[PDB]
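Okay, so here's just one chain, in structure tokens, the form deposited in one PDB entry.
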């Protein structure tokens, strides 16, 4: 009978005070939490944050809501949550978050006869993530999500993951086109502020960037042009027009790659590992043009010395470029 159920629900809320936490003045209320991750929408290096959509379930017990005679779990409307006590859980490092509200507000309240309350939310949040882009694009990030109680202290409320390591599910659903989920950990601890102490829960992922794209678009064009500048050493030194045009056009081509790469990659205003490599190649093409100028200056009076420089350039330039790559790659990998 629907009339009987209405009487029971009205009886529970009759005299209920939402301003008092459950078990007020006694032992702290334990609030078990579990998260079901839907997706990670994007990871931004310019703004240093990532967007996360998840299902956030909270699980505590309130004896004031205990009911008898109804052998069912009351799945009430989502508008009844405004008449009950809920924890003041907030995300410490979030920048902009909201609860989805189409067609109704994505919220759930499910009571149990013993007074256990299950309260689920669907939240999209943009949490801040400090990034160390020195080794970009060979970097490895570690973004977190902090869960904390704003008002109550450790004596009033306690946080714990519901299920241990099984609390967070749906990690395999994360499909970042640029990153790769490597690991995730769950941490529980305590934090002390100037206004008191608060419980803490932490969910952290580890991301590894995909290097396949940067090989085709950045590293390979720079290597080929550096190789292409060694053709000058295999052309007879009396062909001034051919060697000068080849030498100076590679310098122009190298600047085109560098200048038109900063306009496409995210604008990170400090030195990274991709700037060192491009600047290293720009020196090699710059030095290859200086080599001919010395040859062009001495070949009329010292034909033998100019010819000797050309032969040694055919060996030193390819050899020292190998050492540059060997040192570079081993250091950054």
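Positions refer to the first chain, counted from 1.
One more form of this protein exists, namely the form deposited in another entry; it is left out here, but the text below deals with it.
Comparing the rigid parts between the shown form and the other one, the hinge falls at 210 out of the candidates 146, 55, 210, 32. Between this form and the other one, the CA-CA gap for residue 264 and residue 132 narrows by 3 Å or more, being smaller in that other deposited form.
Contraction of the residue 132-residue 263 CA spacing by 3 Å or more is recorded in that other deposited form, set against this form.
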